[PDB]
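J.: Quick one: structure below, then a few questions.
As structure tokens, this is what we get:
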């Protein structure tokens, strides 16, 4: 049933309310997602002026329901099976030798639009570090996100390291711990072990005055033998 909502192009709305070392900010975005091809695009706008953290640190917080699951892996798509009622996606993101984010998102259908509504809190960041100091490049590396079942909570879990390029020429690791839990309580698909393959391109709208990020992701489930 849930997969039947993702046979075409689906409109997206993203809303984030954030607070990092007490600095409050708000992000609003809309775009389109195409789970048949495992593709999505968003224009994400800061509605509160210049962001207090670099846009790349927010990429993972700002839609796993749009992964393309190959035809032989269809019974392992927890994310679509939880729709239309949706799921809660919660993370801790720990920045190497710096502070951490905690996020709670709700991913669900409102009308015919897929909404990702997020509350983010960032704690213990250093004023001269890479995040509050804006020393991260405006780009994004490709990553594999391994997905496991969480029977106890009727959901899935994931942990993965994000590599952020630093302006000097190094890398800063962002350690992600993730838990997804259904919002309703209909049956969902609990998956065998697999991973999602992510590729992301960050860009800018040359005609937009506000602080913003154009995000294009391509996502493919993989890792199940036959």
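In the entry's author numbering, the protein residues as written are 3 to 64, 68 to 231. For each residue, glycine too, the CB sits at the ideal point set by N, CA and C.
State the Cα-Cα distance for the pair residue 14 and residue 193, rounded to the nearest angstrom.
T.: If you take the alpha carbons of residue 14 and residue 193, they lie about 22 angstroms apart.
J.: Does residue 178 pass the burial test, meaning 16 or more other C-beta atoms within 10 Å, or should it be called exposed?
T.: Its Cβ having fewer than 16 others within 10 Å, residue 178 is exposed.
J.: Do residue 135 and residue 100 have their C-beta atoms closer together than 9 angstroms?
T.: Yes, Cβ-Cβ distance for residue 135 and residue 100 is below 9 angstroms.
J.: In angstroms with no decimal places, state the Cα-to-Cα distance between residue 33 and residue 141.
T.: Near 25 angstroms, if we compare the C-alpha coordinates of residue 141 and residue 33.
J.: Whose C-beta lies closer than 8 angstroms to the C-beta of residue 225 among residues of the same chain, with five residues either side of it excluded?
T.: 40, 72, 73, 75, 201 and 202, listed in sequence order.
J.: Helix, strand or coil for residue 69, going by three-state DSSP, please let me know.
T.: Helix, per DSSP.
J.: Using 8 angstroms as the cut-off, can you tell me whether the region 73-92 makes contact with the region 216-230, which would need three or more C-beta pairs spanning the two stretches below that distance?
T.: With a cut-off of 8 angstroms, the region 216-230 and the region 73-92 count as touching, because enough Cβ pairs lie within range.
J.: If residue 147 and residue 183 are in contact, beta carbons under 8 angstroms, what's the gap, nearest whole angstrom?
T.: The Cβ separation is near 18 angstroms, so there is no contact.
J.: Roughly how many angstroms separate the alpha carbons of residue 214 and residue 152, rounded to a whole number?
T.: Between residue 214 and residue 152, the C-alpha separation is close to 38 angstroms.
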